[PDB]
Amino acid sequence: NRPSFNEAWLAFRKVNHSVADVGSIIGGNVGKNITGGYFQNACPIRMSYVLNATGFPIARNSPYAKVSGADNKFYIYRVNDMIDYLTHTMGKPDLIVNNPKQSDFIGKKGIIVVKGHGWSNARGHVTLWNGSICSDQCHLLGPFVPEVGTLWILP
């Protein structure tokens, strides 16, 4: 099934910090790659932490690039991989919206994926959504232009 919304939001707050701090928190190969500067975008790593912390851990054999943490659990480090992973483990989203905006996602909570143009380091972002804001950053719904917004509701 799916992680509870409350647990997800709690977990995410634990890693809602600078990528360096995320490195200190998770440790192991995650921390090591962050220390070395190889990982700068904490987004998929934060989401990985969420899944691993709420009873829906990423399998060692999921066909996505993973790195272990000190907990010996696994952390995806590419946004595109994280998005595909959700698409393939959670199934099909509860809501899909072209040219998404905040009002489109009102009154619903869970995992949100926004793809669009204008970023030089990624095709989009994946984070938590509580009905009015994102868990990290934040008022995504300005250089980034969202083309597609996708939500998996968390119970």
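The first residue of the sequence shown is number 1, and the count goes up from there.
Modelled in this chain, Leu10 is likewise built in all the other compared entries whose models extend past it on both sides, so a third of them omitting it does not occur. Compared with other deposited structures of the same protein, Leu141 meets the criterion of being unmodelled in at least one third of those that resolve residues on both sides.
According to the PDB entry, the deposited sequence contains 4 to 9 residues between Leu141 and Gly142 that lack coordinates.
Stretches 130-138 and 11-19 differ in mean CA B factor, with 130-138 having the higher one.
Between 89-97 and 117-125, the higher mean Cα B-factor belongs to 89-97. The residue among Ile111, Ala53, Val30, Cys43 whose C-alpha carries the highest B-factor in the deposited model is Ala53.
Looking at the C-alpha B-factors along this chain, the one for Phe105 belongs to the highest third. In the deposited entry, the Cα temperature factor of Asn61 sits in the top third of values across the chain's modelled residues. Split the chain's modelled residues into thirds by C-alpha temperature factor. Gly149 is in the lowest one. Per-chain ranking of the deposited C-alpha B factor places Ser48 in the lowest third.
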